[PDB]
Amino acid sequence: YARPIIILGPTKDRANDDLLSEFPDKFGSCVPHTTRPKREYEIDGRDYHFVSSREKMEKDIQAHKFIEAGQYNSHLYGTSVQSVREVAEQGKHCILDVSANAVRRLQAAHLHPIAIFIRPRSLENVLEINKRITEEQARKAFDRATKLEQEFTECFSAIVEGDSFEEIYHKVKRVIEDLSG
């Protein structure tokens, strides 16, 4: 059984993507649900689990079957507990792009998430670990990270810091190896 992964804080998307691309044997993505209709080249159970009834998915959301659920363009989307479990049971760490609220939900489902928060040391440090954004965007990312830590600190398996994304990525990989015992 492989513990699912939730990385949070600035650069988490880049970390998620890189783990998936670098170690395809170790990490995988689970299959999400949506109520939107299936399109060409899409396969039920691979791209999405396609739900025929919006009423069904709402009931399931209310029954706590989803660790993360939302809507876009008139349709429902979500990441089910069972989909994560299916990845974990195949021996792969499920890389989850989800909010910190999904951590307590995975714990309550006894899936043992490894929740890693990437903490910016300062506004200055955000522009060190993310080279794609402006100072005022970094300010907004910094305020978000501050609020996330204030709220979710108890949920974190570990907090990582660094002066570059490369260093942070290195620490992230090390945390996952250590917590995979």
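Take the two forms, find the largest set of C-alpha atoms that superpose within 1.5 Å, and that set is the rigid core. Residue indices: 1-based, along the sequence shown.
- Rigid core superposition in 6 other deposited structures of this protein puts the Cα atoms of one stretch, out of 50 to 58 and 22 to 30, farther from the shown form on average, and that stretch is 50 to 58.
- Between stretches 129 to 137 and 39 to 47, the one whose Cα atoms sit farther from the displayed model in 6 other deposited structures of this protein on average is 39 to 47 (core-aligned, root mean square).
- Higher mean CA temperature factor, per the PDB entry, when comparing 51 to 59 with 37 to 45: 51 to 59.
- Comparing 130 to 138 with 108 to 116, the stretch with the higher mean C-alpha B-factor in the PDB entry is 130 to 138.
- In this entry, the residue among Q90, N73, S80, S99 with the greatest C-alpha B factor is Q90.
- Looking at the C-alpha B-factors along this chain, the one for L123 belongs to the highest third.
- When all modelled residues of the chain are sorted by CA temperature factor, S164 is found within the highest third.
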